[PDB]
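> Questions regarding the structure given below will be posed in turn.
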Amino acid sequence: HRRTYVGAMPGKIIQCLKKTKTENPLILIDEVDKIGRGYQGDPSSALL
Amino acid sequence: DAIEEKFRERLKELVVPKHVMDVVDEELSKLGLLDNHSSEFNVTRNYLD
């Protein structure tokens with residue numbers, strides 16, 4: 001989130017980068033096929 | 001206003017339309033009044049950014 005919203009925390013990716021502590025881990029997106037394409041903001045655009 | 005300087009100084013060269021210039025003027029007037037910790041202040045700060 002923007003960090004001006006109440007309760008904002010960084011996106012999932014930053015947590016994985018924080019966790020693996022290397023710049024080049026092996027991210028594994030799982031189960032891409034059934035991603036939720038709704039009116040509330042389609043993540044599938046975000047993946048591009 | 002120091003933080004907005006990075007905007008103002010640019011504005012000296014790339015002309016500010018009189019509409020846009022007045023709008024940033026009243027926002028510049030409001031911005032100093034606002035409390036440092038209101039979530040509305042961070043929101044209007046990001047908006048003005």
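Residues in the structure tokens are named by chain (A, B, ... in the order shown) and by number from 1 within that chain; ligands are numbered from 1 in the order shown.
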Taking only chain A into account, list the residues labelled helix (DSSP H, G or I) by DSSP (computed from the backbone), as a list in words.
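The residues of chain A classed as helix (DSSP H, G or I) are residues 12, 13, 14, 15, 16, 17, 18, 19, 20, 32, 33, 34, 43, 44, 45, 46 and 47 of chain A.
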> Create the file for the chosen residues now, containing N, CA and C atoms and written as a compact mmCIF listing (two decimals), in the first residue's frame.

```txt
# COMPACT_ATOMS: atom_id res chain seq x y z
N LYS A 12 4.07 -8.44 -1.29
CA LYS A 12 4.58 -9.75 -0.91
C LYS A 12 6.05 -9.86 -1.31
N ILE A 13 6.39 -9.25 -2.46
CA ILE A 13 7.69 -9.48 -3.06
C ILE A 13 8.76 -8.95 -2.13
N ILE A 14 8.49 -7.79 -1.51
CA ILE A 14 9.55 -7.22 -0.71
C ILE A 14 9.86 -8.18 0.43
N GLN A 15 8.83 -8.89 0.92
CA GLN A 15 9.06 -9.78 2.03
C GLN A 15 9.95 -10.93 1.62
N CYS A 16 9.77 -11.42 0.39
CA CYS A 16 10.64 -12.51 -0.05
C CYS A 16 12.06 -12.04 -0.24
N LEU A 17 12.22 -10.81 -0.72
CA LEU A 17 13.56 -10.29 -0.88
C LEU A 17 14.21 -10.05 0.47
N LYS A 18 13.41 -9.62 1.43
CA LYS A 18 13.89 -9.43 2.79
C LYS A 18 14.30 -10.75 3.39
N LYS A 19 13.61 -11.82 3.01
CA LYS A 19 13.77 -13.10 3.65
C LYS A 19 14.96 -13.84 3.10
N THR A 20 15.05 -13.92 1.79
CA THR A 20 16.15 -14.63 1.19
C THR A 20 17.44 -13.85 1.24
N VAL A 32 -0.63 -20.03 -11.67
CA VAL A 32 -1.00 -18.83 -12.43
C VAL A 32 -2.36 -18.95 -13.10
N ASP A 33 -2.78 -20.16 -13.46
CA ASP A 33 -3.94 -20.32 -14.32
C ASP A 33 -5.24 -19.76 -13.77
N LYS A 34 -5.46 -19.79 -12.47
CA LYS A 34 -6.77 -19.45 -11.92
C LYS A 34 -6.79 -18.09 -11.24
N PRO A 43 -5.34 -8.20 -10.86
CA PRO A 43 -3.90 -8.44 -10.75
C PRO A 43 -3.24 -8.80 -12.06
N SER A 44 -3.93 -9.46 -13.00
CA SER A 44 -3.25 -9.94 -14.21
C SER A 44 -2.56 -8.81 -14.96
N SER A 45 -3.10 -7.60 -14.89
CA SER A 45 -2.33 -6.47 -15.38
C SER A 45 -1.11 -6.23 -14.50
N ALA A 46 -1.22 -6.48 -13.20
CA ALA A 46 -0.08 -6.22 -12.34
C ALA A 46 1.04 -7.21 -12.63
N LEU A 47 0.71 -8.41 -13.08
CA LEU A 47 1.80 -9.33 -13.32
C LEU A 47 2.65 -8.88 -14.50
```
> Using only C-alpha atoms, determine which residues of chain B fall within 12 Å of chain A; present them as a list in words.
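Listed by rising number, the hits are residues 37, 38, 39, 40, 41, 42, 43, 44, 45, 46 and 47 of chain B.
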> Need to verify the contact set: stretch 3-14 of chain B, 9 Å, only C-alpha atoms, exclusion of same-chain residues closer than 2 positions in sequence. Can you return it as a PyMOL selection string?
chain B and resi 1+16+28+48-49
> Please measure the separation of atom CA of residue B:31 and atom CA of residue B:15, giving the value in Å to one decimal.
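Spanning atom CA of residue B:31 to atom CA of residue B:15 is a straight-line distance of 22.0 Å.
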> What is the distance, in Å and to one decimal place, between atom CA of residue A:40 and atom CA of residue A:26?
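Pair atom CA of residue A:40 / atom CA of residue A:26 returns 29.3 Å.
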